[PDB]
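Q: You'll find input_20.pdb just under this line, and it carries PDB, C-alpha atoms (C1' of nucleotides) and all ligand atoms.
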```
ATOM      1  CA  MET R   4     -40.319 -12.408   5.065  1.00  0.00           C
ATOM      2  CA  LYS R   5     -38.698  -9.007   5.617  1.00  0.00           C
ATOM      3  CA  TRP R   6     -34.995  -8.577   4.867  1.00  0.00           C
ATOM      4  CA  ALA R   7     -32.887  -5.831   6.449  1.00  0.00           C
ATOM      5  CA  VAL R   8     -29.195  -4.929   6.620  1.00  0.00           C
ATOM      6  CA  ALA R   9     -27.296  -3.864   9.739  1.00  0.00           C
ATOM      7  CA  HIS R  10     -24.347  -1.468   9.475  1.00  0.00           C
ATOM      8  CA  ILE R  11     -21.666  -2.036  12.117  1.00  0.00           C
ATOM      9  CA  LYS R  12     -18.965   0.636  12.354  1.00  0.00           C
ATOM     10  CA  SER R  13     -16.593  -1.192  14.678  1.00  0.00           C
ATOM     11  CA  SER R  14     -13.548   0.670  15.995  1.00  0.00           C
ATOM     12  CA  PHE R  15     -11.019   0.367  18.787  1.00  0.00           C
ATOM     13  CA  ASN R  16     -13.093   2.977  20.648  1.00  0.00           C
ATOM     14  CA  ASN R  17     -16.688   2.345  19.522  1.00  0.00           C
ATOM     15  CA  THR R  18     -18.911  -0.054  17.568  1.00  0.00           C
ATOM     16  CA  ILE R  19     -21.888   2.034  16.354  1.00  0.00           C
ATOM     17  CA  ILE R  20     -24.651  -0.040  14.732  1.00  0.00           C
ATOM     18  CA  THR R  21     -27.504   1.090  12.485  1.00  0.00           C
ATOM     19  CA  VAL R  22     -30.108  -1.041  10.713  1.00  0.00           C
ATOM     20  CA  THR R  23     -31.568  -0.153   7.313  1.00  0.00           C
ATOM     21  CA  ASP R  24     -33.669  -1.700   4.565  1.00  0.00           C
ATOM     22  CA  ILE R  25     -32.348  -3.042   1.257  1.00  0.00           C
ATOM     23  CA  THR R  26     -32.222   0.365  -0.439  1.00  0.00           C
ATOM     24  CA  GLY R  27     -30.383   1.741   2.603  1.00  0.00           C
ATOM     25  CA  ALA R  28     -32.012   5.179   2.407  1.00  0.00           C
ATOM     26  CA  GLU R  29     -34.272   4.394   5.383  1.00  0.00           C
ATOM     27  CA  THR R  30     -33.084   3.361   8.840  1.00  0.00           C
ATOM     28  CA  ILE R  31     -35.001   1.158  11.276  1.00  0.00           C
ATOM     29  CA  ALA R  32     -32.963   0.702  14.473  1.00  0.00           C
ATOM     30  CA  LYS R  33     -29.740   2.304  15.640  1.00  0.00           C
ATOM     31  CA  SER R  34     -27.592   2.115  18.761  1.00  0.00           C
ATOM     32  CA  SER R  35     -23.947   2.977  19.414  1.00  0.00           C
ATOM     33  CA  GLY R  36     -21.671   1.982  22.273  1.00  0.00           C
ATOM     34  CA  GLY R  37     -22.514   4.991  24.417  1.00  0.00           C
ATOM     35  CA  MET R  38     -26.180   4.947  23.397  1.00  0.00           C
ATOM     36  CA  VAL R  39     -26.883   2.248  25.983  1.00  0.00           C
ATOM     37  CA  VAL R  40     -23.616   1.931  27.972  1.00  0.00           C
ATOM     38  CA  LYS R  41     -22.370   4.929  29.956  1.00  0.00           C
ATOM     39  CA  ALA R  42     -18.651   4.011  29.974  1.00  0.00           C
ATOM     40  CA  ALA R  43     -16.499   5.124  27.049  1.00  0.00           C
ATOM     41  CA  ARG R  44     -13.843   2.597  28.095  1.00  0.00           C
ATOM     42  CA  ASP R  45     -16.390  -0.219  27.597  1.00  0.00           C
ATOM     43  CA  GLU R  46     -18.136   1.068  24.454  1.00  0.00           C
ATOM     44  CA  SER R  47     -16.058  -1.241  22.222  1.00  0.00           C
ATOM     45  CA  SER R  48     -16.420  -4.417  24.280  1.00  0.00           C
ATOM     46  CA  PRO R  49     -17.867  -7.664  22.889  1.00  0.00           C
ATOM     47  CA  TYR R  50     -20.303  -7.674  25.818  1.00  0.00           C
ATOM     48  CA  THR R  51     -21.460  -4.191  24.811  1.00  0.00           C
ATOM     49  CA  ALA R  52     -21.765  -5.474  21.238  1.00  0.00           C
ATOM     50  CA  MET R  53     -23.998  -8.333  22.368  1.00  0.00           C
ATOM     51  CA  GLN R  54     -26.067  -5.868  24.407  1.00  0.00           C
ATOM     52  CA  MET R  55     -26.501  -3.653  21.341  1.00  0.00           C
ATOM     53  CA  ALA R  56     -27.444  -6.638  19.172  1.00  0.00           C
ATOM     54  CA  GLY R  57     -29.994  -7.771  21.752  1.00  0.00           C
ATOM     55  CA  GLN R  58     -31.485  -4.297  22.127  1.00  0.00           C
ATOM     56  CA  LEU R  59     -31.732  -4.007  18.346  1.00  0.00           C
ATOM     57  CA  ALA R  60     -33.266  -7.460  17.817  1.00  0.00           C
ATOM     58  CA  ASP R  61     -36.425  -6.693  19.808  1.00  0.00           C
ATOM     59  CA  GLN R  62     -36.961  -3.455  17.875  1.00  0.00           C
ATOM     60  CA  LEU R  63     -36.441  -5.449  14.671  1.00  0.00           C
ATOM     61  CA  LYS R  64     -39.080  -7.935  15.830  1.00  0.00           C
ATOM     62  CA  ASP R  65     -41.449  -5.047  16.577  1.00  0.00           C
ATOM     63  CA  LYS R  66     -40.884  -3.563  13.122  1.00  0.00           C
ATOM     64  CA  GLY R  67     -41.388  -6.985  11.531  1.00  0.00           C
ATOM     65  CA  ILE R  68     -37.945  -8.186  10.426  1.00  0.00           C
ATOM     66  CA  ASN R  69     -36.298 -11.481  11.385  1.00  0.00           C
ATOM     67  CA  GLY R  70     -33.267 -11.631   9.083  1.00  0.00           C
ATOM     68  CA  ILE R  71     -30.498  -9.111   8.414  1.00  0.00           C
ATOM     69  CA  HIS R  72     -27.347  -9.228   6.349  1.00  0.00           C
ATOM     70  CA  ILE R  73     -24.238  -7.674   7.869  1.00  0.00           C
ATOM     71  CA  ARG R  74     -22.147  -4.935   6.233  1.00  0.00           C
ATOM     72  CA  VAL R  75     -19.313  -4.593   8.731  1.00  0.00           C
ATOM     73  CA  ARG R  76     -16.739  -1.841   8.310  1.00  0.00           C
ATOM     74  CA  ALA R  77     -13.783  -0.448  10.195  1.00  0.00           C
ATOM     75  CA  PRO R  78     -13.026   3.290   9.952  1.00  0.00           C
ATOM     76  CA  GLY R  79     -10.816   2.367   6.985  1.00  0.00           C
ATOM     77  CA  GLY R  80      -8.617   4.501   4.757  1.00  0.00           C
ATOM     78  CA  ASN R  81      -6.255   6.860   6.598  1.00  0.00           C
ATOM     79  CA  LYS R  82      -7.211   5.371   9.989  1.00  0.00           C
ATOM     80  CA  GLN R  83      -7.746   1.886  11.467  1.00  0.00           C
ATOM     81  CA  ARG R  84      -8.347  -0.591   8.644  1.00  0.00           C
ATOM     82  CA  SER R  85      -9.103  -4.038  10.038  1.00  0.00           C
ATOM     83  CA  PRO R  86     -12.534  -4.644  11.597  1.00  0.00           C
ATOM     84  CA  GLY R  87     -12.839  -4.339  15.346  1.00  0.00           C
ATOM     85  CA  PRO R  88     -13.830  -7.000  17.855  1.00  0.00           C
ATOM     86  CA  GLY R  89     -17.476  -5.889  17.916  1.00  0.00           C
ATOM     87  CA  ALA R  90     -18.365  -7.274  14.483  1.00  0.00           C
ATOM     88  CA  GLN R  91     -18.443 -11.011  15.199  1.00  0.00           C
ATOM     89  CA  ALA R  92     -19.846 -10.370  18.684  1.00  0.00           C
ATOM     90  CA  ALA R  93     -22.702  -8.302  17.239  1.00  0.00           C
ATOM     91  CA  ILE R  94     -23.471 -10.887  14.548  1.00  0.00           C
ATOM     92  CA  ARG R  95     -23.408 -13.785  17.021  1.00  0.00           C
ATOM     93  CA  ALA R  96     -25.606 -11.840  19.445  1.00  0.00           C
ATOM     94  CA  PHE R  97     -28.058 -11.174  16.609  1.00  0.00           C
ATOM     95  CA  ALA R  98     -28.087 -14.884  15.734  1.00  0.00           C
ATOM     96  CA  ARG R  99     -28.631 -15.722  19.412  1.00  0.00           C
ATOM     97  CA  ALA R 100     -31.450 -13.162  19.551  1.00  0.00           C
ATOM     98  CA  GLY R 101     -33.404 -15.233  17.016  1.00  0.00           C
ATOM     99  CA  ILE R 102     -32.771 -12.899  14.074  1.00  0.00           C
ATOM    100  CA  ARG R 103     -31.454 -14.950  11.164  1.00  0.00           C
ATOM    101  CA  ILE R 104     -28.228 -13.882   9.454  1.00  0.00           C
ATOM    102  CA  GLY R 105     -27.460 -14.539   5.809  1.00  0.00           C
ATOM    103  CA  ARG R 106     -24.504 -12.960   4.040  1.00  0.00           C
ATOM    104  CA  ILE R 107     -21.960 -11.047   6.118  1.00  0.00           C
ATOM    105  CA  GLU R 108     -19.587  -8.827   4.142  1.00  0.00           C
ATOM    106  CA  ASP R 109     -16.529  -6.914   5.330  1.00  0.00           C
ATOM    107  CA  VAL R 110     -16.998  -3.633   3.474  1.00  0.00           C
ATOM    108  CA  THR R 111     -14.419  -1.437   5.182  1.00  0.00           C
ATOM    109  CA  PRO R 112     -13.419   1.281   2.681  1.00  0.00           C
ATOM    110  CA  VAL R 113      -9.926   0.281   1.552  1.00  0.00           C
ATOM    111  CA  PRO R 114      -7.767   2.959  -0.114  1.00  0.00           C
ATOM    112  CA  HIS R 115      -5.188   2.072  -2.703  1.00  0.00           C
ATOM    113  CA  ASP R 116      -3.168   5.251  -2.127  1.00  0.00           C
ATOM    114  CA  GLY R 117      -5.467   7.700  -0.388  1.00  0.00           C
ATOM    115  CA  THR R 118      -4.725  10.806   1.610  1.00  0.00           C
ATOM    116  CA  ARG R 119      -1.682  11.051   3.851  1.00  0.00           C
ATOM    117  CA  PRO R 120      -1.959   8.546   6.728  1.00  0.00           C
ATOM    118  CA  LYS R 121      -1.857  10.474   9.995  1.00  0.00           C
ATOM    119  CA  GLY R 122       0.534   8.677  12.308  1.00  0.00           C
ATOM    120  CA  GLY R 123       3.533   9.034  14.563  1.00  0.00           C
ATOM    121  CA  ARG R 124       5.312   5.787  13.567  1.00  0.00           C
ATOM    122  CA  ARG R 125       6.526   4.730  17.021  1.00  0.00           C
ATOM    123  CA  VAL R 126       4.125   7.041  18.888  1.00  0.00           C
TER
ATOM    124  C1'   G G   1      80.049  19.754 -22.969  1.00  0.00           C
ATOM    125  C1'   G G   2      81.241  16.751 -26.746  1.00  0.00           C
ATOM    126  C1'   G G   3      82.530  11.913 -29.666  1.00  0.00           C
ATOM    127  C1'   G G   4      82.287   6.134 -30.910  1.00  0.00           C
ATOM    128  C1'   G G   5      79.474   1.097 -30.025  1.00  0.00           C
ATOM    129  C1'   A G   6      74.693  -1.361 -28.947  1.00  0.00           C
ATOM    130  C1'   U G   7      69.131  -1.320 -30.392  1.00  0.00           C
ATOM    131  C1'   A G   8      66.429  -4.963 -25.487  1.00  0.00           C
ATOM    132  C1'   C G   9      63.957  -1.210 -23.254  1.00  0.00           C
ATOM    133  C1'   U G  10      60.952   3.162 -23.336  1.00  0.00           C
ATOM    134  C1'   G G  11      60.015   8.402 -26.418  1.00  0.00           C
ATOM    135  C1'   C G  12      60.410   9.782 -31.986  1.00  0.00           C
ATOM    136  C1'   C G  13      58.886   7.973 -37.580  1.00  0.00           C
ATOM    137  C1'   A G  14      55.434   4.994 -41.056  1.00  0.00           C
ATOM    138  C1'   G G  15      51.959   1.285 -41.267  1.00  0.00           C
ATOM    139  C1'   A G  16      49.612  -3.176 -39.810  1.00  0.00           C
ATOM    140  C1'   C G  17      47.069  -6.606 -36.154  1.00  0.00           C
ATOM    141  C1'   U G  18      41.955  -8.027 -33.065  1.00  0.00           C
ATOM    142  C1'   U G  19      41.197  -9.319 -28.302  1.00  0.00           C
ATOM    143  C1'   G G  20      40.700  -3.381 -25.223  1.00  0.00           C
ATOM    144  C1'   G G  21      37.244   0.614 -26.114  1.00  0.00           C
ATOM    145  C1'   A G  22      34.003   2.702 -30.709  1.00  0.00           C
ATOM    146  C1'   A G  23      30.153   2.005 -34.600  1.00  0.00           C
ATOM    147  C1'   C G  24      25.532  -1.021 -36.808  1.00  0.00           C
ATOM    148  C1'   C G  25      22.042  -4.772 -37.277  1.00  0.00           C
ATOM    149  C1'   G G  26      18.394  -9.066 -34.541  1.00  0.00           C
ATOM    150  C1'   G G  27      14.942 -11.112 -31.504  1.00  0.00           C
ATOM    151  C1'   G G  28      13.899  -9.997 -25.926  1.00  0.00           C
ATOM    152  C1'   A G  29      14.165  -7.408 -20.909  1.00  0.00           C
ATOM    153  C1'   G G  30      13.423  -2.745 -17.645  1.00  0.00           C
ATOM    154  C1'   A G  31       8.764   1.194 -11.376  1.00  0.00           C
ATOM    155  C1'   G G  32      15.153   4.449 -17.447  1.00  0.00           C
ATOM    156  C1'   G G  33      13.756   9.942 -18.902  1.00  0.00           C
ATOM    157  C1'   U G  34      10.681  13.994 -20.588  1.00  0.00           C
ATOM    158  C1'   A G  35       5.499  15.321 -22.774  1.00  0.00           C
ATOM    159  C1'   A G  36       0.277  14.311 -22.971  1.00  0.00           C
ATOM    160  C1'   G G  37      -4.048  12.029 -21.458  1.00  0.00           C
ATOM    161  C1'   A G  38      -7.143   8.856 -19.141  1.00  0.00           C
ATOM    162  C1'   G G  39      -8.042   5.878 -14.817  1.00  0.00           C
ATOM    163  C1'   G G  40      -8.355   3.390  -9.629  1.00  0.00           C
ATOM    164  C1'   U G  41      -9.984   3.810  -4.838  1.00  0.00           C
ATOM    165  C1'   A G  42     -10.280   6.367  -0.643  1.00  0.00           C
ATOM    166  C1'   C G  43     -10.855  11.217   1.287  1.00  0.00           C
ATOM    167  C1'   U G  44     -13.162  15.572   1.413  1.00  0.00           C
ATOM    168  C1'   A G  45     -16.987  20.084   0.253  1.00  0.00           C
ATOM    169  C1'   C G  46     -21.925  21.279  -0.142  1.00  0.00           C
ATOM    170  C1'   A G  47     -26.897  19.783  -0.992  1.00  0.00           C
ATOM    171  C1'   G G  48     -30.852  16.146  -0.621  1.00  0.00           C
ATOM    172  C1'   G G  49     -33.399  11.603   1.899  1.00  0.00           C
ATOM    173  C1'   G G  50     -33.534   8.468   6.702  1.00  0.00           C
ATOM    174  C1'   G G  51     -32.876   8.582  11.805  1.00  0.00           C
ATOM    175  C1'   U G  52     -32.360  10.790  17.003  1.00  0.00           C
ATOM    176  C1'   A G  53     -28.476  11.241  22.007  1.00  0.00           C
ATOM    177  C1'   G G  54     -24.014  11.372  21.193  1.00  0.00           C
ATOM    178  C1'   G G  55     -19.585  11.305  17.876  1.00  0.00           C
ATOM    179  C1'   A G  56     -14.113  11.824  18.387  1.00  0.00           C
ATOM    180  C1'   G G  57     -10.066  10.689  21.248  1.00  0.00           C
ATOM    181  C1'   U G  58      -7.302   8.468  25.830  1.00  0.00           C
ATOM    182  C1'   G G  59      -3.498   4.728  29.956  1.00  0.00           C
ATOM    183  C1'   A G  60      -7.488   7.317  31.945  1.00  0.00           C
ATOM    184  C1'   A G  61      -9.358  12.123  30.713  1.00  0.00           C
ATOM    185  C1'   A G  62     -10.718  16.916  28.642  1.00  0.00           C
ATOM    186  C1'   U G  63     -10.526  20.282  24.880  1.00  0.00           C
ATOM    187  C1'   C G  64     -12.978  19.436  20.066  1.00  0.00           C
ATOM    188  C1'   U G  65     -17.686  18.202  17.819  1.00  0.00           C
ATOM    189  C1'   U G  66     -23.364  17.423  18.159  1.00  0.00           C
ATOM    190  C1'   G G  67     -30.233  18.996  19.531  1.00  0.00           C
ATOM    191  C1'   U G  68     -28.731  25.037  14.005  1.00  0.00           C
ATOM    192  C1'   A G  69     -29.970  17.004  14.075  1.00  0.00           C
ATOM    193  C1'   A G  70     -23.789  15.454  14.387  1.00  0.00           C
ATOM    194  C1'   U G  71     -22.268  10.142  14.455  1.00  0.00           C
ATOM    195  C1'   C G  72     -24.141   6.121  10.916  1.00  0.00           C
ATOM    196  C1'   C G  73     -26.836   5.167   6.254  1.00  0.00           C
ATOM    197  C1'   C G  74     -28.612   6.413   0.969  1.00  0.00           C
ATOM    198  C1'   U G  75     -28.364   9.760  -3.593  1.00  0.00           C
ATOM    199  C1'   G G  76     -25.895  13.506  -6.436  1.00  0.00           C
ATOM    200  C1'   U G  77     -22.711  17.006  -7.858  1.00  0.00           C
ATOM    201  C1'   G G  78     -17.252  19.379  -7.562  1.00  0.00           C
ATOM    202  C1'   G G  79     -12.517  19.389  -5.333  1.00  0.00           C
ATOM    203  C1'   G G  80      -6.971  18.385  -4.622  1.00  0.00           C
ATOM    204  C1'   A G  81      -3.433  15.178  -3.150  1.00  0.00           C
ATOM    205  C1'   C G  82      -2.183  10.237  -3.611  1.00  0.00           C
TER
HETATM  206 MG    MG D 201       6.752  11.921  17.942  1.00  0.00          MG
END
```
Just give me the structure as structure tokens.
Ligand SMILES: [Mg+2]
A:
Amino acid sequence: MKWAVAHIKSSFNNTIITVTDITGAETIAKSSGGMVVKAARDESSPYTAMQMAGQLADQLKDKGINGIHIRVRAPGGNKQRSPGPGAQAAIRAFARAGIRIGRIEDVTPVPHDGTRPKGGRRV
RNA sequence: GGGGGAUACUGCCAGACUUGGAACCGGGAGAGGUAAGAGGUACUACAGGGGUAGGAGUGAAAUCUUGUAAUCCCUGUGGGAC
């Protein structure tokens, strides 16, 4: 019974995923949108997220881990705040890969009043 | 310009009257003001540990950034705004 935690940085342009142990100071598997898929336009797709979850599940099985919690985050703060579409797709692809999922937490770093939000309002 | 009559009216004279404003007390309300301090989270700087082919961004791209190990993750120490 080995427990791991997968970090999913889901954006509107990418959904990088890295898998660590409980302490988090050691990583096991990692794969971003462009790590396996060669199109930047399709790096944030749910199909790319399921491909990343599948290609991480076999490495997790090789390392000896069958269950991972999910710590999903958006960029957060002075950028995009809500989680992207790749989070639920990655977690469902992990659950369909055989890897059990327990707790899933949305841990996007939320600022109360952080630095100045870069934006153009209408543009 | 100057005389007589009137006293409502307004201006003059001396009080008063409490409603108008002014002053004080009571339990409450308020992102009211200055002064001081602490705090919240995020960000960021460097350093350390893990890990290894891209991260960022776009309508799509490229500059930019990354093999001097970035992205992501963990630890720690400072930073200024908010
Ligand atoms: Mg403009």
Q: In Å, rounded to a single decimal, give me how far CA of residue 83 in chain R is from CA of residue 123 in chain R.
A: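 Taking CA of residue 123 in chain R and CA of residue 83 in chain R, their separation equals 13.7 Å.
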Q: Report as a list in words the residues that result from applying the PyMOL selection byres ((chain G) within 8 of (chain R)) to the structure here.
A: residues 40, 41, 42, 43, 49, 50, 51, 53, 54, 72, 73, 74, 81 and 82 of chain G
Q: Would you name the residues within 8 Å of ligand MG 201 (chain D), counting all atoms listed in the file, and put them as an mmCIF file with C-alpha atoms, in the frame of the given file?
A:
```cif
data_model
loop_
_atom_site.group_PDB
_atom_site.id
_atom_site.type_symbol
_atom_site.label_atom_id
_atom_site.label_comp_id
_atom_site.auth_asym_id
_atom_site.auth_seq_id
_atom_site.Cartn_x
_atom_site.Cartn_y
_atom_site.Cartn_z
ATOM 1 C CA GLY R 123 3.533 9.034 14.563
ATOM 2 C CA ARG R 124 5.312 5.787 13.567
ATOM 3 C CA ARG R 125 6.526 4.730 17.021
ATOM 4 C CA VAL R 126 4.125 7.041 18.888
#
```
Q: Enumerate, as a PyMOL selection string, the residues matched when the PyMOL selection byres (((chain G and resi 60) around 12) and not hetatm) is run on the file above.
A: (chain R and resi 42-44) or (chain G and resi 57-59+61-62)
Q: Separation of CA of residue 60 in chain R and CA of residue 97 in chain R, in Å?
A: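 About the pair CA of residue 60 in chain R and CA of residue 97 in chain R: they are 6.5 Å apart.
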Q: Given the PyMOL selection byres (((chain G and resi 67) around 12) and not hetatm) and the file above, list the residues it selects as a PyMOL selection string.
A: chain G and resi 52-54+66+68-70
Q: Would you mind exporting the chosen residues as a PDB file, in the coordinates of the input, restricted to C-alpha atoms (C1' of nucleotides)?
A:
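Once written, selection.pdb looks like this:
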```
ATOM      1  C1'   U G  52     -32.360  10.790  17.003  1.00  0.00           C
ATOM      2  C1'   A G  53     -28.476  11.241  22.007  1.00  0.00           C
ATOM      3  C1'   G G  54     -24.014  11.372  21.193  1.00  0.00           C
ATOM      4  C1'   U G  66     -23.364  17.423  18.159  1.00  0.00           C
ATOM      5  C1'   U G  68     -28.731  25.037  14.005  1.00  0.00           C
ATOM      6  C1'   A G  69     -29.970  17.004  14.075  1.00  0.00           C
ATOM      7  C1'   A G  70     -23.789  15.454  14.387  1.00  0.00           C
TER       8        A G  70
END
```
Q: In terms of the shortest atom-to-atom distance over all atoms listed in the file, which of R:82, R:74, R:89, R:100 is closest to residue 62 in chain R?
A: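 Selected residue with least distance to residue 62 in chain R: R:100.
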Q: Using CA of residue 55 in chain R and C1' of residue 65 in chain G as the two end points, give the distance in Å to one decimal.
A: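 About the pair CA of residue 55 in chain R and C1' of residue 65 in chain G: they are 23.8 Å apart.
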Q: Excluding residue 108 in chain R and residues on its chain fewer than 6 positions from it, collect all residues at most 12 Å away from it, counting all atoms listed in the file, and give them as a VMD selection string.
A: chain R and resid 8 to 11 71 to 77 86 90 to 91 94
Q: Please give the centre and size of the box around range 49-61 of chain R (axis-aligned, containing every atom listed in the file, 8 Å added per side), with values in Å to one decimal and written as lines of an AutoDock Vina configuration file.
A:
```
center_x = -27.1
center_y = -6.0
center_z = 21.8
size_x = 34.6
size_y = 20.7
size_z = 24.0
```
Q: Name the residues in contact with residue 79 in chain G at a cut-off of 12 Å, using only C-alpha atoms (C1' of nucleotides), excluding same-chain residues fewer than 4 positions from it; report them as number ranges by chain.
A: G: 43-46
Q: Would you mind writing range 51-62 of chain R with N, CA, C and O atoms, as a compact mmCIF listing (two decimals), in the frame of the given file?
A:
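To be explicit, this is the file written out as part32.txt:
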```txt
# COMPACT_ATOMS: atom_id res chain seq x y z
N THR R 51 -20.66 -5.32 25.27
CA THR R 51 -21.46 -4.19 24.81
C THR R 51 -22.03 -4.45 23.42
O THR R 51 -23.15 -4.03 23.12
N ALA R 52 -21.26 -5.13 22.57
CA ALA R 52 -21.76 -5.47 21.24
C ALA R 52 -22.94 -6.44 21.32
O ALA R 52 -23.92 -6.30 20.58
N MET R 53 -22.87 -7.43 22.22
CA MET R 53 -24.00 -8.33 22.37
C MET R 53 -25.20 -7.62 22.98
O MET R 53 -26.34 -7.93 22.62
N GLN R 54 -24.96 -6.65 23.86
CA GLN R 54 -26.07 -5.87 24.41
C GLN R 54 -26.74 -5.03 23.33
O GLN R 54 -27.97 -4.94 23.28
N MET R 55 -25.94 -4.43 22.44
CA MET R 55 -26.50 -3.65 21.34
C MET R 55 -27.27 -4.54 20.37
O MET R 55 -28.34 -4.15 19.89
N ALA R 56 -26.74 -5.73 20.07
CA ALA R 56 -27.44 -6.64 19.17
C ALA R 56 -28.75 -7.12 19.79
O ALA R 56 -29.77 -7.22 19.09
N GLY R 57 -28.76 -7.40 21.09
CA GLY R 57 -29.99 -7.77 21.75
C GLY R 57 -31.01 -6.65 21.79
O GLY R 57 -32.20 -6.87 21.55
N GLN R 58 -30.56 -5.42 22.07
CA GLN R 58 -31.48 -4.30 22.13
C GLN R 58 -31.93 -3.84 20.74
O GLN R 58 -32.89 -3.08 20.63
N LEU R 59 -31.24 -4.26 19.69
CA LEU R 59 -31.73 -4.01 18.35
C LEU R 59 -32.64 -5.11 17.84
O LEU R 59 -33.53 -4.84 17.01
N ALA R 60 -32.46 -6.35 18.31
CA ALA R 60 -33.27 -7.46 17.82
C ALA R 60 -34.73 -7.32 18.20
O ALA R 60 -35.62 -7.65 17.41
N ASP R 61 -35.03 -6.85 19.41
CA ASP R 61 -36.42 -6.69 19.81
C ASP R 61 -37.12 -5.58 19.03
O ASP R 61 -38.29 -5.70 18.66
N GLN R 62 -36.40 -4.49 18.73
CA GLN R 62 -36.96 -3.46 17.88
C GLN R 62 -37.16 -3.96 16.45
O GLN R 62 -38.11 -3.57 15.77
```
